[PDB]
Asks: 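The structure follows.
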Amino acid sequence: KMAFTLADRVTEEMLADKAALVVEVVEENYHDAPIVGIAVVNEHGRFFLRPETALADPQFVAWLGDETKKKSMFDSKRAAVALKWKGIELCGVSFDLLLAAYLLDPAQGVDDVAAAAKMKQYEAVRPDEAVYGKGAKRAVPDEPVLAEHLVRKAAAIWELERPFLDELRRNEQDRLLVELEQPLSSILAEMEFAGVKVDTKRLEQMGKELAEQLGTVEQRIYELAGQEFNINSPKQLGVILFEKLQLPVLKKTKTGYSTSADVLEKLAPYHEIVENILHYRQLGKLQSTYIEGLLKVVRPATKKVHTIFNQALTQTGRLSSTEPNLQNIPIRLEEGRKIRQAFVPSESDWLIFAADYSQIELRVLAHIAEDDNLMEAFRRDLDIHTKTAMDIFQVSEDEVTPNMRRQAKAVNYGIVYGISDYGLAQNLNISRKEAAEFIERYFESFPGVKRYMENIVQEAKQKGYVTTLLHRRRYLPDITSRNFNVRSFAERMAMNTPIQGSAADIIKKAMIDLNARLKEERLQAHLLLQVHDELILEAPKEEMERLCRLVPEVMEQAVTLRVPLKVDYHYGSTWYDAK
DNA sequence: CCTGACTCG
DNA sequence: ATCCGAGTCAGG
Ligand SMILES: Nc1nc2c(ncn2[C@H]2CC[C@@H](COP(=O)(O)OP(=O)(O)OP(=O)(O)O)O2)c(=O)[nH]1
Ligand SMILES: [Mg+2]
């Protein structure tokens with residue numbers, strides 16, 4: 001049905017200046033993964049190329065790297081990074097169908113071309129899973145079957161571009177695609193390929209010392225319990241706590257007794273064993289995930305880890321980070337924080353530089369809600385996380401520890417994003433009446449925030465979606481639901497999404513601005529990671545002074561709000577020391 | 001394979 | 001019933 005040339009060699013007509021390009025990587029983690037086939041669709045026709053042929057062809061490599069030869073693709077970051085591992089530069093990506101679909105509707109969870117095509121009732125292409133299979137059965141099919149699939153995906157991209165661009169334009173999201181998400185994709189590609197260097201000697205020694213400590217804590221828990229059991233089994237643990245030891249049952253889930261951290265903390269007045277168990281479960285996660293799990297994914301020759309930043313996953317416009325997740329490295333407890341000493345610069349005499357937006361969603365909220373009490377607190381450079389702390393612990397602005405401030409930060413965001421008196425009461429282990437009284441006084445200090453949250457909920461019910469500063473959108477069909485729980489969740493998404501998503505928009509723009517700046521000043525410094533409202537770079541020790549001005553500046557100037565954006569920063573010999 | 005742990009923003 | 005957004009892991 002669909003005619004294409006199964007080419008044995010690259011020809012001139014394949015190198016047109018506009019094309020849909022497919023560079024197929026079957027493995028989910030595309031780092032150093034095989035490219036199994038290439039397809040090109042342009043004005044002159046449809047072509048399948050063998051990677052061995054095409055990627056060793058100097059005209060084709062030239063064309064890939066030519067920014068004036070425009071390519072339309074699906075998930076160009078995947079292709080760009082796979083090509084980098086093949087030592088080939090990909091330039092000229094002008095349209096990314098994945099990112100287009102994601103902006104039109106993040107809820108569709110589009111993750112292959114077929115799923116994007118479905119959005120415009122385009123059905124002349126198969127889902128990847130149907131072609132490659134799943135799990136132990138996953139495999140590249142016979143060449144003619146593979147070639148047709150890749151060509152059909154290219155043909156789909158070729159035909160779907162205008163219809164997607166048109167709809168994006170109708171939604172005012174065209175610039176969000178072309179000026180924000182697509183340039184960010186190339187930047188993330190650079191960051192993933194660069195990777196972050198790991199001190200495996202240090203990590204392995206931490207691991208050995210952690211194993212000894214675990215055994216010690218383990219034995220202590222068995223002594224306290226009067227029995228050996230699997231502490232890492234909530235089921236077995238529940239039997240020990242609520243049957244053998246007869247501690248009060250505070251919560252159940254569908255599977256049985258809850259042994260959540262919140263529940264165990266509340267049981268501390270009944271038996272000291274619950275504090276030891278909380279400690280054990282923390283240490284065990286450090287070992288399984290941040291020592292063993294991390295060492296498993298280190299590339300042994302370079303000692304680097306290469307995360308994948310999923311740019312088309314979260315419902316709010318944030319990135320996520322996978323395999324490994326480098327956006328959830330411990331920091332809150334010193335015991336875990338020490339893992340960060342194993343993340344080091346990739347060159348000698350280089351340093352890690354970390355910058356963090358201050359009270360970021362509180363600033364964005366002030367701007368969007370136009371709450372005058374709040375817009376003012378930032379014009380007076382107040383720290384609302386700390387003030388809240390002083391209040392909930394009756395402790396004053398000098399005595400507030402980082403930990404207390406951390407807790408207050410969850411209270412602040414909790415309240416603005418719709419926590420109930422019950423939730424705040426369970427969170428601070430205080431009485432519900434007191435919690436309710438606190439929420440009351442909070443919205444008295446910031447009446448505009450309260451008005452904004454009431455108004456954005458009604459607007460969501462009327463329109464069926466909410467939007468961010470740069471026109472990112474989330475649909476919320478459930479919000480007019482007759483069901484209280486379903487409706488309630490949707491209402492709180494209406495309160496939170498515009499704010500968290502606007503904050504995502506901002507740091508994304510900041511990353512693009514920051515890179516352009518690094519280049520024009522010919523600095524060696526480059527981004528390693530983004531952590532939602534943090535940017536982490538590495539650079540020669542001599543560029544620290546310049547970065548101390550460049551980075552906070554670019555991040556603060558990414559957008560202009562009705563309040564000051566404020567960025568905190570540090571650098572040091574390891575990520576840990578960048579404090 | 002999911003659930004409930006722990007981790008982060 | 002009860003702030004929001006994420007990922008990985010051991011146990012089952
Ligand atoms: N709904 C919600 N969002 C949170 C919570 N913690 C963090 N976030 C979101 C909101 C802020 C954003 C950044 O995290 P941070 O810890 O840096 O919070 P921050 O407000 O910027 O504080 P800081 O001034 O210390 O940098 O991520 C939380 O407990 N609930
Ligand atoms: Mg911050």
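Letters go in sequence order (proteins before strands), and every chain restarts at 1.
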Asks: Could you tell me the separation between the NZ atom of A:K409 and the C1' atom of C:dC4, rounded to a whole number of Å?
Replies: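 Taking NZ of A:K409 and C1' of C:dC4, I get 15 Å after rounding.
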Asks: Would you say a side-chain N or O of A:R281 is under 4.0 Å from OP1 or OP2 of B:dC6?
Replies: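 For B:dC6, OP1 or OP2 has a side-chain N or O of A:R281 closer than 4.0 Å.
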Asks: Please work out if A:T259 contacts a base, only the sugar-phosphate, or nothing of the nucleic acid, heavy-atom cut-off 4.0 Å.
Replies: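 Sugar-phosphate contact only.
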Asks: Mind checking side-chain hydrogen bond (donor to acceptor under 3.5 Å, both in side chains) for A:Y357 and listing every partner two or more places apart, or none if nothing turns up?
Replies: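 Expected list: none.
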Asks: Have A:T259 and A:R281 got a donor and an acceptor in their side chains that come within less than 3.5 Å?
Replies: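 Yes, because at least one side-chain N or O of A:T259 sits under 3.5 Å from a partner of the opposite role on A:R281.
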Asks: Rounded to whole Å, please give me the gap between CD in A:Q407 and P in B:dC8.
Replies: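 Interatomic distance, CD of A:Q407 to P of B:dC8: 13 Å.
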Asks: Is there any side-chain hydrogen bond (donor to acceptor under 3.5 Å, both in side chains) pair reaching into residues 236-249 of chain A, and which pairs are they, with sequence neighbours excluded?
Replies: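 Passing the test, one end in residues 236-249 of chain A: A:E243-A:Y257.
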Asks: For A:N427 and C:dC4, what is the distance between atoms CG and P respectively, to the nearest whole Å?
Replies: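 Taking atom P of C:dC4 as the reference, CG of A:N427 is at 13 Å.
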Asks: Is the shortest side-chain N to carboxylate O distance from A:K450 to A:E444 below 4.0 Å?
Replies: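 So A:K450 does not pair with A:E444 through a salt bridge.
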Asks: For the side chain of A:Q282, starting at C-beta, report the closest nucleotide among B:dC6, B:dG4, C:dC4.
Replies: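 Closest of the options to the side chain of A:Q282: B:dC6.
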Asks: For a quick check of understanding: with a heavy-atom distance under 4.0 Å over all strands, which category does A:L278 fall into, base, sugar-phosphate or nothing?
Replies: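 Sugar-phosphate only.
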Asks: In this structure, how many angstroms lie between the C1' atom of C:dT2 and the CD atom of A:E491, rounded?
Replies: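 Distance, rounded to whole Å: 13 Å.
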Asks: Can you tell me, in whole Å, how much space there is between the P of B:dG4 and that of C:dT2?
Replies: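 Those two atoms are separated by 13 Å.
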Asks: When you check the side-chain N and O atoms of A:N403 and A:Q407, is any donor under 3.5 Å from an acceptor?
Replies: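 On atom types as modelled, these side chains qualify, holding a pair under 3.5 Å.
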Asks: Within the 3.5 Å criterion, strictly below it, is a donor on A:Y30 or A:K77 matched to an acceptor on the partner's side chain?
Replies: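 The criterion, which ignores hydrogens and geometry beyond distance, is satisfied for A:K77 and A:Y30.
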Asks: Just by modelled atom types, is the A:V551 backbone N or O under 3.5 Å from a matching donor or acceptor in the A:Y569 side chain?
Replies: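 Such a contact is absent between A:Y569 side chain and A:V551 backbone.
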Asks: Heavy atoms only, 4.0 Å cut-off, all strands: where does A:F489 land among base, sugar-phosphate and nothing?
Replies: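 Answer is sugar-phosphate: A:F489 comes under 4.0 Å of backbone atoms only.
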Asks: Do me a favour and sort the pucker of C:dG5 into north or south by its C1'-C2'-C3'-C4' torsion.
Replies: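 Pucker flag: north.
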Asks: Salt bridge or not for A:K463 and A:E459, using N-O below 4.0 Å?
Replies: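 Result for this pair is yes, salt bridge flagged.
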Asks: With centres under 5.5 Å and planes under 30° as the test, does A:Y417 stack with C:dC4?
Replies: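 Given the distance and angle limits, no, they do not stack.
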Asks: Could you check whether the side chain of A:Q327 and the base of B:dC8 have a donor-acceptor pair of N or O atoms closer than 3.5 Å, going by distance alone?
Replies: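 Answer is no: no donor-acceptor pair is held.
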Asks: It should be established whether A:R492 places a side-chain nitrogen or oxygen under 4.0 Å from OP1 or OP2 of nucleotide C:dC4.
Replies: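 Yes, such a contact exists.
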Asks: Rounded to the nearest angstrom, tell me the gap between atom CZ in A:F446 and atom P in C:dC3.
Replies: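 Atom-to-atom, A:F446 to C:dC3, this comes out as 20 Å.
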Asks: Report the distance from atom CD1 of A:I329 to atom P of B:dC8, rounded to the nearest whole Å.
Replies: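 Distance, rounded to whole Å: 9 Å.
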Asks: Can you give one letter per nucleotide of nucleotides 6-12 of chain C, 5' to 3': B if a protein heavy atom sits under 4.0 Å from the base, S if only from the sugar-phosphate, - if neither?
Replies: SBBSSSS
Asks: Give A:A261 one of three labels, base, sugar-phosphate or nothing, depending on what nucleic acid heavy atoms sit under 4.0 Å from its own.
Replies: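 Sugar-phosphate contact only.
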Asks: For a quick check of understanding: with a heavy-atom distance under 4.0 Å over all strands, which category does A:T497 fall into, base, sugar-phosphate or nothing?
Replies: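 Nothing, no heavy atom under 4.0 Å.
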Asks: How many Å lie between CD on A:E534 and P on B:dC8, as a whole number?
Replies: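 It works out to 11 Å between those atoms.
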Asks: Expressed as a whole number of angstroms, how long is the span from A:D421:CG to C:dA1:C1'?
Replies: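 The answer, rounded to whole Å, is 11 Å.
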Asks: Got a donor-acceptor pair under 3.5 Å from the side chain of A:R432 to the base of C:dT2?
Replies: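 Flag set: donor-acceptor pair detected.
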Asks: Any base atoms under 4.0 Å from A:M493, or only sugar-phosphate, or nothing? Heavy atoms, all strands.
Replies: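 Here A:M493 touches the backbone only, sparing every base.
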